[PDB]
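Asker: Those protein sequences? They're chains A and B, same order as listed.
FYI, in the deposited numbering the residues of the first sequence are 1 to 268.
FYI, in the deposited numbering the residues of the second sequence are 1 to 269.
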Amino acid sequence: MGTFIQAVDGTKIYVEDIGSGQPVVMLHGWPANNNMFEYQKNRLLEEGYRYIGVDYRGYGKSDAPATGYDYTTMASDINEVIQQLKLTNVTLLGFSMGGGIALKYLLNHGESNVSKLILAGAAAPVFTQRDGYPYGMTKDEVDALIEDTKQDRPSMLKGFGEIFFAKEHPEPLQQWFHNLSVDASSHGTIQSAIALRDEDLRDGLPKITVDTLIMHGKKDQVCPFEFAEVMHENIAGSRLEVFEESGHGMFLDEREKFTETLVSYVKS
Amino acid sequence: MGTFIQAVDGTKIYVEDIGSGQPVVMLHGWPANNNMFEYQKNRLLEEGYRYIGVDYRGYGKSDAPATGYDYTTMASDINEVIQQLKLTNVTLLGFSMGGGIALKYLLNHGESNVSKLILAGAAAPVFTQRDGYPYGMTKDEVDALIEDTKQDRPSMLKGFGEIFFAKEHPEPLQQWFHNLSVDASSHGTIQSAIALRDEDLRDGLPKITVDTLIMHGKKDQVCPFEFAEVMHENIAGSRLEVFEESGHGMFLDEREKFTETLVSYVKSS
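Here's what the structure looks like:
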């Protein structure tokens, strides 16, 4: 369900458009797809909001070009989605890499369509270590991760899964999650990892004016909690909500608090 | 600099890469080659800019494969030129079909390496008439050119030269220009005429963000001046300079004005 939207360069981008009312645009993490928000999606539809789930180029049911995995190109894709569908008063949720893409979209295309921003487990302002930012993976760790993905992607994914959740979810649940990532294009997966390693949004954060909720797991081993402290420090007017029991995947480790918090924010 | 760039399909693309300091990438019209810009190039070089004149596949000193004359593949070749020569801050000029390719390149590969766009007599947004675009050759007029190239290409060309310039230029100048086109591969010339006939960039014009200058001859019989009006309305912030005394070939009809407008814009947007 849901149409495909053409990107500026013609790539077909799959968008799931379901429910009634004010729009909630959810942007997935690396290297999954929009189905990761299934539980939130259900909860939106019964509270009377409209879920808009995009699969990035290279992921899920979208096309997978050889190019365009940098945040600029991805943010232009989001811009096209918002344009075709004529969305205003958007609650824009970016999860992990999606948080980076959401920030890039605001920076490059403006803030007037978005009434509020939610940054969840966001890979922002940087996924990797920088001067004055001694948190997260180093570029060299991301390169080792790229090496692994060129040797055995499924085993890389298994490993990533192991550090993604603080809690031990049932096997069928972990398997469903694993398979979102396995159906990603291998080359999209790789080029996005290159973008995660290199992208730096530190100069842009103090430029952000949208009302902002930051959701982040204290135990996050993928994007450390220190990222969330930096986002809150740098975005004026922002609120930090700490998920004390969660790792990166707060949408399962604390599914009810995550979705009640999302719902309460989209109302308020 | 030198020689040849590898396209995605391996086709070798000739590039005349000359000078140092800021790059001005010049994209020729159908069915000539980068040498048509010589009068402009002379001035860019004395003003201390770097001339990057691409010969498309099928033209000039480039390989002429069987396929890939569609603007998508051509725009991909331009991406290769810029990426492999590691250019940024480029002024990108497209003349005629070059105009169309320049736009497609911006749409398909983004604007991060390009500081400004010049569209000179451009074949855009469409070279042939459509639904609510009642300007230019019809599709059947371009089929007529294609048919003629399949029987007598130099005669086809002499005929095209006659509709190319508003003024009668000296016999040796016209012969020079003619011979630039006779050098073209016959089969590239045909395949690019098919892309001219069929390509349609109307949807894409409002996606262009880069600073644009439109240069166009009031008397152009090849790409009618109405194309320029359409481009100016739809490309954000574009400026329009009308060449009152020029046909399609402004680069000779108003040589001095064309060159010194181009130079000024390369100097500042």
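C-beta: ideal position from N, C-alpha, C; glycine also.
Are the segment 231-251 of chain A and the segment 128-137 of chain A touching, with three or more C-beta to C-beta distances below 8 Å?
Answerer: no
Asker: How many whole angstroms separate the CB atoms of A/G48 and A/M26, which I take to be in contact at a CB cut-off of 8 Å?
Answerer: Not really, about 17 Å apart at Cβ, beyond 8 Å.
Asker: For B/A75 versus B/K104, is the C-beta spacing smaller than 7 Å?
Answerer: yes
Asker: Is it the case that the Cβ atoms of A/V15 and A/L44 are separated by a distance below 7 Å?
Answerer: no
Asker: Which residues mark the beginning and the end of the alpha helix (DSSP H) in which A/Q84 is found?
Answerer: According to the DSSP assignment, A/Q84 belongs to the alpha helix (DSSP H) that extends over 71-85.
Asker: Identify the contact partners of B/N89 in chain A, using a Cβ-Cβ distance below 9 Å as the criterion.
Answerer: In chain order: nothing, as chain A lies at least about 17 Å away.
Asker: I'd like the list of long-range same chain contacts for A/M36, defined as Cβ closer than 8 Å, with 5 residues on each side in sequence excluded.
Answerer: Result list for A/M36: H28, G29, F95, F177, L180, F251, in chain order.
Asker: Report the neighbours of A/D9 on chain B: residues whose CB is nearer than 7 Å to its CB, in chain order.
Answerer: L107, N108
Asker: Can you tell me whether A/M1 is buried or exposed, with buried defined as 16 or more other CB within 10 angstroms of its CB?
Answerer: exposed
Asker: If we count Cβ pairs, one from each stretch, closer than 8 Å, do we get three or more for the segment 203-211 of chain B versus the segment 106-123 of chain B?
Answerer: Touching, per the Cβ criterion.
Asker: Chain A beta carbons: is any one of them nearer than 7 Å to that of B/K104?
Answerer: no
Asker: Contact criterion: CB-CB distance below 7 Å. Does B/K61 meet it with respect to chain A?
Answerer: no
Asker: What number of angstroms, rounded off, separates the C-alpha of A/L145 from the C-alpha of A/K61?
Answerer: 24 Å
Asker: DSSP three-state label for B/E256, please.
Answerer: helix
Asker: B/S112 versus chain A: which residues are under 8 Å apart at the beta carbon?
Answerer: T72
Asker: May I ask which residues mark the beginning and end of the alpha helix (DSSP H) holding B/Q6?
Answerer: Where B/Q6 is concerned, there is no enclosing alpha helix (DSSP H), although the beta strand (DSSP E) it sits in stretches over 4-6.
Asker: Quick check: the segment 112-127 of chain A against the segment 82-93 of chain A, are at least 3 beta-carbon pairs closer than 8 Å?
Answerer: yes
Asker: Taking the beta strand (DSSP E) that A/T212 belongs to, which residues open and close that run?
Answerer: 211-217
Asker: Do you know offhand how far A/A64's Cα is from A/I194's?
Answerer: 16 Å
Asker: Could you tell me whether any Cβ in chain A is nearer than 7 Å to the Cβ of residue 283 of chain B?
Answerer: Because chain B in this structure spans residues 1 to 269, residue 283 of chain B falls outside the shown range and cannot be described.
Asker: Please identify the residue among B/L85, B/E199, B/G121 whose C-alpha is closest to the C-alpha of B/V222.
Answerer: B/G121
Asker: Between A/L157, A/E38, A/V8, which has its C-alpha nearest A/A184's C-alpha?
Answerer: A/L157
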